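Q: In the first instance, please consider these chains from the complex; the rest will follow:
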Amino acid sequence: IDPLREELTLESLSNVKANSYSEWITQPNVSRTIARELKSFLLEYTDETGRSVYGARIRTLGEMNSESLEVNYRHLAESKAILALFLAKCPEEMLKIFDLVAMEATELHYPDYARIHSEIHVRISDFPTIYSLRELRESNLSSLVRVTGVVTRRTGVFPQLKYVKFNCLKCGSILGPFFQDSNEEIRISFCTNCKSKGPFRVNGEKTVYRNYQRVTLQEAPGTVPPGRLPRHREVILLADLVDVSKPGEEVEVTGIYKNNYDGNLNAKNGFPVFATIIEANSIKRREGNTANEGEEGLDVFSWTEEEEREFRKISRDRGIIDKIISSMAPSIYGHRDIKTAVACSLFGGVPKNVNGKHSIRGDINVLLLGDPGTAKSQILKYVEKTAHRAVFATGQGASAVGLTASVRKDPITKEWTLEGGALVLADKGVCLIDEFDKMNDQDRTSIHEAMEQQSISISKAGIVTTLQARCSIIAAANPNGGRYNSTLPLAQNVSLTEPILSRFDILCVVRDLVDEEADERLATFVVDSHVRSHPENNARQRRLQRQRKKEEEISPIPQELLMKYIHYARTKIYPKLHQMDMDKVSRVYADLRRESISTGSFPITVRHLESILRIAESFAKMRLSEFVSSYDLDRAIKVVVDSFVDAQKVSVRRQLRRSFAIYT
């Protein structure tokens, strides 16, 4: 038997006989044992359900033509503790072996996958320990670390030489290709054959290129101590990792802590100090996901095939829309009109492009004009948590170019450049503007183009460009005087102008009135919620079970399942209108215009007919239906008419409600 082909066992693998972990892993027999154990873990691991998680993951990976297999660290730790320890201590060689064993499990399912992607990368999802850029020390060198920060700066994607080939200047012999480290340059000093002190011209008949990118990771403002300067690190993103993190975002970086010799560093400091970097292994978008940190996986909004089947099963239910509405902010007692609007905005409409000449917005904007203590900021926070991409801004905390896009001079290239804003960051998402009425006029006026054209136009310092802002806006405002005056028209209760008001699809007026029954019910619900949330009131499985039991009381649908459902519906569902009552909608629009002719009333234009259609599309989308039904159109008509009626005065509200009773 060839000794190089013999293998040890797991308990013998635990016992280390080398001077270092890397030397132990690199040994032939140990490497074979590790590869065999990793393959066994990938093939045989089962979850609580009992199905192979990684088999389905590999199937999905092959279906989408991707080159990254996500492996949860906890699964490996429970299944194989020693392998998890090796991965934590020696990420490099362990990751190499893991990558090899993954293209043999992918190839197991798709035999000819090598013709699509040559190699497959393994990405670690949930490293148990999280560090700050301040906490990094020398003891973390050459070991896997998990850090969080802000992407301050970014480079363009460059092709980097995977393998470097050298040829002697003198002799002319061409040395074999050598592995290019991501961190620092590879050079040949001593020639095997020539033995020449002289340098080698670097030449190669054929070279394989690799995607390369570098970012400047900075401590997030939230985590840095107040009033202290942030610390930063340089993160290197290799192939398949490029462009995943965009400047200004908050991310969690899983990578290898590496050091290298820097001459200028030494020169400047006067001590033998080594530069440090991070080799990114995995990136998780933490932006707007502070309250979602309790979940697992690189993306909490992604779904599996079984979850898709569950989504279909849920959608087939008749009362899906009612459950979805009831599940919006379960801790808020009532306001079933502010929950319906929020759900409609979250799901959104279908943008349309007629013959390539006419562009129609497909997003829904909502405005909350109400009393001081009617749970508006909490609703905005919930929307931020649930939405896939959300941005939160305050009244005076937002500038006219902090929203939209701004122009700066690039520190490196000394040239004018373009930066994104709130709107940009909220592309295909939601922008939340609390304290809308306290906004500066200038600031307010900025969003006019963005809210309808879904685009940002910039003409500054020789920069002539148009961006994409396909973001919905939900805003909370306080009526003039600090309290709504139901006697006066809507226009006199707020300082907003006709265009901005017209740009809002749904208006939700919130009134605080003293009523014995309403006060009793609201107080009872608030007290019950406060008692429910008291901190005092397997171990992980037990915690999840008790959390699920607590959630079941107030929400018919799990919150995480709800977020996944919303993301799936937005991504994969585009309803269309083919059968609909033209006369009904036309008459509703005409009646709305006739009733809105009154001075000081809520503005009505074609925008609101389009908003009726958009809300019908959104209601159809809530059921994962490919076609808008008559019921959805009726519901949208009822919503719009109810909002319009509620926006009126006390004196004429009864007459308006009696007149419009047919549609509602």
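A: Thanks, I have the structure now. Numbering: from 1, shown residues only, chains lettered A, B, ... in the order given.
Q: got the domain boundaries for chain A?
A: A:28-129, A:130-161+A:209-287, A:162-208, A:300-663 (CATH domains of a matching chain).
Q: Might you quantify the distance of the helix or strand hosting residue A:12 from its chain's geometric centre?
A: Assigned by DSSP states H and E, residue A:12 belongs to helix A:10-14. Chain-centre distance of helix A:10-14: 41 Å, with CA atoms, centre = their mean, to the nearest Å.
Q: With stretch A:396-413 instead?
A: Taking CA atoms, centre = their mean, one finds the center of stretch A:396-413 at 22 Å from the center of the full chain.
Q: Which residues does it contact?
A: Residues from elsewhere that reach stretch A:396-413 (CB atoms under 8 Å, 6 or more residues apart in numbering): A:393, A:415-424, A:431, A:433, A:435, A:438-440, A:442-443, A:445-447, A:450, A:456, A:458, A:460-461, A:463, A:467, A:469. Backbone N, C-alpha and C define where each C-beta goes, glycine included.
Q: Among the residues you listed, the buried ones, what's the ChimeraX command?
A: The following ChimeraX line selects those of those that are buried, judged by 16 or more other CB atoms under 10 Å:
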select /A:393,418,420,421,422,423,424,431,433,435,439,443,446,447,450,456,458,467,469
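Q: so what does the helix or strand hosting residue A:637 touch, helix or strand wise?
A: Counting by DSSP H and E, the element that carries residue A:637 is helix A:630-646. Helix A:630-646 is packed against helix A:336-347, strand A:506-510, helix A:582-596, helix A:606-622, helix A:650-659, with contacts defined by 3 or more CB pairs under 8 Å, 6 or more residues apart in numbering; DSSP states H and E.
Q: Need those in TSV (columns: distance to residue A:114 and mean neighbour count).
A: Below are these laid out as TSV (distance: least, CB to CB, whole Å; neighbours: other CB atoms under 10 Å):
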stretch	distance to residue A:114	mean neighbour count
helix A:336-347	41	23
strand A:506-510	53	23
helix A:582-596	56	15
helix A:606-622	40	23
helix A:650-659	69	13
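Q: throw chain B onto that model:
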Amino acid sequence: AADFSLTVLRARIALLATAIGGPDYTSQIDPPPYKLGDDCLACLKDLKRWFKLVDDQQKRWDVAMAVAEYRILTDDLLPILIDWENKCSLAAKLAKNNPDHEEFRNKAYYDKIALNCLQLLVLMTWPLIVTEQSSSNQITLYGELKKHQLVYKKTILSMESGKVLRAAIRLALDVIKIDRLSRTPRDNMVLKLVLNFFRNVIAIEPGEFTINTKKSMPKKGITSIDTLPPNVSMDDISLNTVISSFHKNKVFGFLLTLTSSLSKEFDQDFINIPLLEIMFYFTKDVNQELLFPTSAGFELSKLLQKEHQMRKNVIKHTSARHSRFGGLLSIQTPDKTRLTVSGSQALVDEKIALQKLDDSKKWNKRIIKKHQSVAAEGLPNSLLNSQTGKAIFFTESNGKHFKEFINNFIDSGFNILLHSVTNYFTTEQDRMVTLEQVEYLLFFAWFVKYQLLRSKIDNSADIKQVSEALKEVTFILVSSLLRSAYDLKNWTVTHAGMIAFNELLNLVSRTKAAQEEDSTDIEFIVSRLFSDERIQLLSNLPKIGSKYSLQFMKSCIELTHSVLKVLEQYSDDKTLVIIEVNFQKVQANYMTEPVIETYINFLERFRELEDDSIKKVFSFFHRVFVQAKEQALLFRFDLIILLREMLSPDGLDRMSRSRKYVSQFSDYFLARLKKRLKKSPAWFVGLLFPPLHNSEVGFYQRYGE
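A: Next up, chain B placed on what we already have:
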């Protein structure tokens, strides 16, 4: 081919290492206990077979490197031995509680595994020697294997406070449990194995820094000479740690028991040489003066004062103003020519001006030094090459333990050990290699000198414990060794014999001081040892000393001093017959230009010597100048320059008796030189040059008449 075979060898030895065994983590008891594998004994036997069939017969050392790479020793053999020793200790405690109580199964198998482990330990710890015929592979792996040996020694002395020493002691006591007649050759082999293990543990030490000389050394030069491994410090492998471990594990008691019953209840053939080697390696690097000296604070204050005086003397050479002050001096020669010097001290002083003039010169005359690597001859580092003054810094408790052990050995079995070794070696003289000669001579010299010093300090313990040195068998053995070493031009054995002879002469002088009537039998020895050939040899030694290392010089000097001392004392006391001894003839024999040259050379290095060496040198000079009236010898310029250096304020401390000797000699020498110069102006010229050898004028030069 070779690289692939190396890879296969490493893989197979790694598999063997992983198959030997390891700790059992299943048990909840912590720290976990070591568990033996299914084929532990077979694995050890296979490892020994690999050692025999690859390391030796094929003249390579790849097996040892492979074994060291995978930590077979520090992780498998030492834990196995320690666990077995602990099991035996528990069994002994149980027997104490109840002799019939037993807690052992497969005792034979455990003993077999322990014995094989000890054998493999001895194999791995055996001294490494590089010869001229050693293969390229052996030459290339010398340093790495020496570093691995250092790691092995550190682990042996540290792990569990060194319980493997107790395991080896138990293995030896197992053999001791059976009578001498009942002792089979296997038992004697086990005893020799244990003694060799102890000798190897003591012997190991850092190697040399070998550098290729093909190319003249670069402009960068030598950075540092470090042979230590990464995580090993000199504190772990020093003799202090060895003494601590031996005292803790009662190794000293076992060795004393073996050496006290030597040649009575044991077979001496197996045990005599290992004991001698053990003791030589014990006492090779130890200076006996240190053993007979808070006091540390007092010595620190004295040393600080000494450094303060040195700095004060240095201060006169430093300018009060900064360097760029820019003072220029012009000094007028006896002829009207002006030389330029820079520095405030130049303006304020003249001697400083001439010293700077000298110092500023760029041209250097080549100095060629004949350096011999000790590793070339296979010898270990010892007093022969160790720099003078190199002191082993013992702790108080460790020093007390070492002194007690040496005293007990000298009072118990030094006589018998010396007798047995001398008999065995004189029976087998020709088969001696250089190492054995140096070892025997150094051991004899060290122990004799230590006993002399202790007798001086303490009136109880006396010369009768080392009286076996006087006996003629040992004396003739030493004389033959030294004479043969001289004749064959083996300078290291020459040096060892020199040291041994110096100690023997000091001993005989003390015995004569003891009692004359009882020392008639030693007058016999004195007559025998001062044979004309021997006289000649002893005289020749100094003449050649100048060519070799400093230590050679010092030994030459000391032996000369002892020879003259005994000669003068025994000529004054009585008459001597070898051929009657004419002390004046010998004296005259001692008076030539090479001797003086040697002396001068030795004295040039006066900043490292003690006061005793200077005292001996100047006693010799007094003999030359006054007693012999051979003054022409000393009318040289090397002596004048060196004496200026000695008497200068920066040279020697004012508060010193050495300076007193130097000042007295300088006064006498200057007086006589002035008288001679007043007589003969020619001597001004003469000073510069070696003596003339002309029948006509030679006498005139030499004696002035």
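Q: can you check what packs on helix A:630-646 again with chain B included?
A: helix A:336-347, strand A:506-510, helix A:582-596, helix A:606-622, helix A:650-659 (3 or more CB pairs under 8 Å, 6 or more residues apart in numbering or on different chains; DSSP states H and E).
Q: Partner strands of the shortest one and their direction?
A: Think strand A:506-510. The sheet places strand A:506-510 alongside strand A:366-370 (parallel), with pairing taken from DSSP bridges.
Q: relative to helix A:630-646, how tilted is the partner strand?
A: Counting by axes from the mean of the first three to the mean of the last three CA atoms, to 10 degrees, strand A:366-370 points 40 degrees away from the direction of helix A:630-646.
Q: Assign a three-state SS to whatever residue of the stretch 101-250 of chain B ends up closest to chain A, would you?
A: Closest residue of the stretch 101-250 of chain B to chain A, CB to the nearest CB: residue B:230 (9.3 Å). Here residue B:230 is coil, with the state taken from DSSP: H, G, I helix; E, B strand; the rest coil.
Q: what's the neighbour count on it?
A: 7 (other CB atoms under 10 Å in any protein chain shown).
Q: thinking again about what came up before, run through who's touching the helix holding residue A:637.
A: Residues external to helix A:630-646 that are found in contact with it (CB atoms under 8 Å, 6 or more residues apart in numbering or on different chains): A:321, A:337, A:340-341, A:344, A:506-509, A:579-581, A:584-585, A:588, A:592, A:595-596, A:602, A:604, A:608, A:611-613, A:615-620, A:653, A:656-657, A:660, A:663-664.
Q: redo that, cut-off 7 Å
A: With contact meaning CB atoms under 7 Å, 6 or more residues apart in numbering or on different chains, helix A:630-646 is reached by A:340, A:506-509, A:580, A:588, A:592, A:602, A:608, A:611-612, A:615-616, A:619-620, A:653, A:656-657, A:660, A:663-664.
Q: Kindly report the same for stretch A:222-229.
A: For stretch A:222-229, the external contacting residues (CB under 7 Å, 6+ apart) are A:132, A:148, A:230.
Q: now for chain C, put it on the one above:
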Amino acid sequence: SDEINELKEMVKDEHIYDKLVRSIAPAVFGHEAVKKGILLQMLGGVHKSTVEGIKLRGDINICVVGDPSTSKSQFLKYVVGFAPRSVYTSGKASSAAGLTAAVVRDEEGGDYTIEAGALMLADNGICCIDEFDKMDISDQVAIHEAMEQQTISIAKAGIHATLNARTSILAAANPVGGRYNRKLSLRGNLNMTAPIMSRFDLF
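A: Putting chain C onto the chains we already have gives this:
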């Protein structure tokens, strides 16, 4: 061990609650009502979070109104030097930061940077504001979110962040007129609007 015995002795006292009120700011004379408010603010309330990431405030805000030379400042001074985390400031803040956060850009190349404010610096502590009735317009609007949502949201050129402001505000204000007019209601005597007035737990 000795400290534990003292701790158990204190809780064993029947009149413990009264003594703590009387042991707050002993320099001040005859203001037990204000002392009880300060003691409760230091203890605070339990911070709770619902099952969908909605946070419920657990900090107590106190506003003290009084005529000039009534020991209003003395109460703030004692709290500053006693509580673990605390900051002393005034509504008319000198710094460009003010109560809340502000953005400053090193001139040229260097990008916009966040400068901490009074509320930021006192995170997880108590921020004492000497003159609440003189805060800047910017701060007045800005402080809406800090007192309830416990966060500061900024969206300026090239920088956007949410800043933790989990603090308890202990503010001192003067009557809108020269002295407190007993005839008018508390709302009339104060320049504060209805929204801010609701965010204060005690007056």
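Q: The contacts of stretch A:396-413 again please, chain C included this time.
A: By CB under 7 Å, 6+ apart, stretch A:396-413 touches A:415-424, A:433, A:438-440, A:442-443, A:446-447, A:450, A:456, A:458, A:460-461, A:463, A:467, C:109-110, C:138, C:141-142, C:153-158, C:160.
Q: So which of those residues sit within helices?
A: A:422-424, A:442-443, A:450, C:138, C:141-142 (DSSP state H).
Q: for those, which one is nearest residue A:166?
A: Comparing those against residue A:166 with CB to CB picks out residue A:424 as the nearest, at 45.3 Å.
Q: isn't that closest one right next to residue A:471, touching?
A: No. Residue A:424 is beyond contact range of residue A:471, at 8.2 Å (criterion: CB atoms under 7 Å).
Q: Check which residues of the helix holding residue A:637 are buried.
A: Under the neighbour-count criterion of 16 or more other CB atoms under 10 Å in any protein chain shown, helix A:630-646 has A:632-637, A:639-646 buried.
Q: Then stretch A:261-272?
A: Buried residues in stretch A:261-272 (16+ other CB under 10 Å): residue A:265.
Q: go on, stretch B:363-381?
A: Neighbour-count burial for stretch B:363-381 flags B:375, B:377, B:379-381 (criterion: 16+ other CB under 10 Å).
Q: do stretch C:63-77 as well
A: C:63-66, C:70-72, C:75-77.
Q: From chain A, how far off is the one residue in chain B that gets nearest to chain C?
A: When scored by CB to the nearest CB, chain B has residue B:30 as its residue closest to chain C, at 31.7 Å. If you measure residue B:30 against chain A using CB to the nearest CB, to the nearest Å, the figure is 16 Å.
Q: How about residue B:90?
A: 26 Å.
Q: Does that residue belong to a helix, a strand or coil?
A: In the three-state summary, residue B:90 is assigned as helix, counting by three-state DSSP.
Q: For it, which non-adjacent residue is spatially closest?
A: Spatially, and ignoring its direct neighbours in sequence, residue B:90 is nearest to residue B:103 (6.6 Å; CB to CB, 6 or more residues apart in numbering or on different chains).
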